[PDB]
Each structure stands twice: as structure tokens, then as C-alpha cells.
Amino acid sequence: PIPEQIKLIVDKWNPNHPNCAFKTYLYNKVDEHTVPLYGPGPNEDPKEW
Amino acid sequence: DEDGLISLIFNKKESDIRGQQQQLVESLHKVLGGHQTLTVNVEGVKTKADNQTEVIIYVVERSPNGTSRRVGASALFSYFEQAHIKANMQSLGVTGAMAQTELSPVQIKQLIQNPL
Amino acid sequence: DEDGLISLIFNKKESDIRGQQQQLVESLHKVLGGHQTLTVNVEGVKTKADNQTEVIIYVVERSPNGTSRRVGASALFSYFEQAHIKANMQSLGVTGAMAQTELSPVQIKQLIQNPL
């Protein structure tokens with residue numbers, strides 16, 4: 001179980017988002033009717049969104 | 001969007017911008033390709049800080065039939081943000097740019113889905 | 001209303017509708033403007049008489065941010081009842097249409113005050 005923890009730690013400290021462990025969301029204000037836009041991108045879990 | 005206004009921030013003092021405005025406008029014309037069908041116009045110049053100046057421009061394009069109109073702001077911004085063009089702009093002292101058009105949600109969604 | 005269902009009556013036999021469903025769906029997509037942000041879906045097909053078939057559809061619209069949702073039934077019905085669109089629909093064999101949303105009294109009052 002050694003080369004798993006290592007890979008998981010290498011995964012934690014990373015912007016690739018494999019359970020980044022630095023996952024916090026900040027709410028940016030946007031007036032309507034632009035709400036329909038945004039619209040995440042590459043590695044966004046709809047769950048988190 | 002039809003008003004075609006792009007705001008540019010320059011890392012230059014206002015007096016320097018105004019003092020060489022002819023040259024600045026022609027350099028922007030060159031960045032656009034320099035053809036006689038495009039004309040850069042200055043809408044306004046405003047000091048923002050000791051060595052920061054905002055210059056608002058638009059570009060008039062002429063058609064083969066002699067008709068003229070402003071380049072849409074989104075279209076002009078899209079050109080200026082292209083990596084090669086942005087670099088040329090930075091060489092003129094531009095450190096930022098903004099369009100006034102408030103994009104629709106569908107436009108924003110498209111930009112996020114295809115950031116390049 | 002969020003389910004976006006529009007019932008269409010066609011003056012065609014059920015076997016003919018099903019036999020050319022790909023073509024029928026694309027023609028409806030064309031009536032809507034044909035953009036890739038709209039997709040016509042068939043919810044059901046039911047015979048009503050020898051040469052009458054009901055086809056229930058909805059339309060999925062995609063936003064610039066990749067999000068999708070159904071076009072509201074009232075909005076879709078409003079489009080299809082516009083005189084130019086209705087005529088195009090009639091050319092496909094459509095002889096009637098219905099939305100399932102039960103309008104509020106205030107909505108009904110508005111439609112009567114402004115029938116166009």
C-alpha cells in the first residue's frame with residue numbers, strides 16, 4: 001500500500017483535480033441574463049458545481 | 001457591441017500618450033494589418049495613475065462598395081487577445097484591455113467550453 | 001411547462017411518419033433555424049385516425065457554457081404559431097398543435113388583450 005499513498009499525495013498537491021484536496025468554490029457575482037452562461041470547463045464534477 | 005469600443009490600459013503617462021498620439025494610433029493601425037480599409041479612432045484618453053493611461057478606441061472598416069461601419073467590440077477584442085497580437089500590443093505598452101459588451105449566458109458558456 | 005412538450009397532428013398515416021422519422025425530425029429542426037444548439041426529440045407517436053397521426057416533441061437547447069435544458073412549452077408553442085412558421089409547419093403536413101401547460105388567468109388575460 002506504499003506506492004498508492006505516494007501517488008495519492010502527488011495527486012493531492014496538483015491542479016489536475018484528482019481529489020485536489022484544495023477544493024474550495026468562490027461565488028462570483030454575475031447579473032442576469034448571463035446566468036445561463038458559465039458553464040465550467042475541463043475537470044469540473046457537476047456534483048461539486 | 002455595434003459601438004465597437006475597446007478600452008486599453010497603457011503603462012505610460014497621459015502626457016506621453018497625448019504627445020505622441022499620431023504615432024500611437026498608427027502603430028495600432030499596423031497591428032491590425034495596416035490596410036487602408038481600417039481606421040483607428042480615439043474615443044477618449046484618461047489618466048488612471050501616475051504612469052497609467054486608459055485609451056478608448058474603435059475601428060472603422062470600409063466595404064468594397066464604399067460603405068463604412070464600426071468593427072464590433074467583441075470581434076475587435078477577439079483579435080487583440082490572440083497571443084501574437086497581444087504580444088505586439090504589450091510591446092506598445094498595453095497592459096490590459098476591455099470591451100463594454102455584456103455577453104449573453106450562451107456566449108459565456110461557449111467561451112468556457114472553447115477557451116481557445 | 002419545463003417539460004416542453006408540444007403535440008402535433010399530422011395529416012399522414014402512422015406508418016409513413018415512422019418510416020421517415022429521421023427526415024421529419026430534421027425538417028422540424030430546419031423550421032427552428034437548424035442551429036446545432038437546438039435538438040428536436042420525439043416523445044411519442046400515436047395513430048389518431050386512418051390518415052391522422054399525433055407526434056409529441058420537445059426541443060433541447062444548449063447554452064454557451066455547455067449546459068442543456070428543454071425549451072419551455074409556451075415558448076416553443078409561441079414560435080410555432082407565428083404565421084410564417086405555421087405555414088412552414090403546414091407544408092410538412094401539420095394541421096394542428098397543442099401545448100400541455102395550463103395557462104394562468106393572468107396569462108390568458110394577457111393573450112386576449114394582445115392576441116397578436
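Residues numbered from 1 in each chain as written, not as in the entry; some residues may be left out. Chains lettered and ligands numbered in written order. Part of a larger assembly, values for the part shown. Heavy atoms only, no water.

**Student:** I tried to follow the overall build of chain B on my own but got confused; where do I start?
**Tutor:** Helices and strands together make up the secondary structure of chain B, namely 5 helices and 5 strands. Relative to the compact-globule value of 13 Å for 116 residues, chain B shows a C-alpha radius of gyration of 15 Å, a close match. The burial tally for chain B puts 31% of its 116 residues in the buried class. Summarising the internal contacts of chain B: among those between residues at least 6 apart in sequence, 61% fall at separations of at least 24. Entry remark: accessible area of chain B is about 7,100 Å², with carbon and sulfur atoms responsible for 48%. For chain B, the separation between the mean place of its 11 positive charges and that of its 12 negative charges on side chains is 4 Å. (Helix = DSSP H or I, 4+ residues; strand = E, 2+ residues; numbered from the N terminus. Rg over C-alpha atoms; globule rule 2.2 N^0.38 Å. Buried < 20%, exposed > 50% of the residue type's maximum accessible area, 1.4 Å probe, protein only. Contact = heavy atoms within 4.5 Å. Areas by Shrake-Rupley, 256 points an atom, 1.4 Å probe, with all protein chains shown as cover. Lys, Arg positive; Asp, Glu negative; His and termini not counted. Charge placed at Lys NZ, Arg CZ, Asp CG, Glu CD.)

**Student:** Looking at this structure, I do not really get the pattern of salt bridges. What am I missing?
**Tutor:** Once the charged atoms of two side chains with opposite charge are near each other, the side chains can pair. Per the counting criterion, the structure on display carries 12 salt bridges over all chains. Residues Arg18(B) and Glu14(B) are paired through a salt bridge, measuring 3.1 Å at the closest nitrogen-oxygen approach. In this pair, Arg18(B) and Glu14(B) are both assigned in helix 1 (residues 14–19), 4 residues apart and thus about one turn of the helix distant. A relative accessible area of 45% means that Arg18(B) is categorised as partly exposed. Here the residues in one salt-bridge network are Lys23(A), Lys47(A) and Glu48(A), joined through shared partners. (Salt bridge = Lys/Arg side-chain N within 4 Å of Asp/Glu carboxyl O.)

**Student:** Please explain the interface of chain A and chain B as it appears in this structure.
**Tutor:** In many analyses, interface size is given as the accessible surface area lost on bringing the parts together. Listed by partner, the interface residues are 9 residues for chain A and 9 residues for chain B. Surface buried jointly by chain A and chain B totals about 670 Å² across both partners, of which 67% is contributed by carbon and sulfur atoms. The tally of links between chain A and chain B comes to 0 salt bridges. Where chain A packs against chain B, one counts 3 residue pairs in polar contact. Its residues assigned to classes, the side of chain A that touches chain B shows 5 nonpolar, 4 polar and no charged. (Buried area = accessible area lost by both parts, 1.4 Å probe. Polar contact = N/O pair within 3.5 Å; in protein donor to acceptor, adjacent residues only side chain to side chain. Nonpolar A, V, L, I, M, F, W, Y, C, P; charged D, E, K, R; others polar.)

**Student:** So what exactly am I meant to see when it comes to a nonpolar patch on the surface here?
**Tutor:** Taken together, the side chains of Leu103(C), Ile108(C), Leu111(C) and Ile112(C) make up a nonpolar region of the molecular surface, amounting to roughly 360 Å² of accessible area. Counting through the fold element by element, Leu103(C) comes out in the loop between strand 5 (94–99) and helix 5 (105–113). (Patch = residues over 30% accessible without salt bridge, like charges linked within 9 Å, V, L, I, M, F, W, Y side chains within 5 Å.)

Bear in mind that shape data such as this cannot, by itself, settle questions of function.
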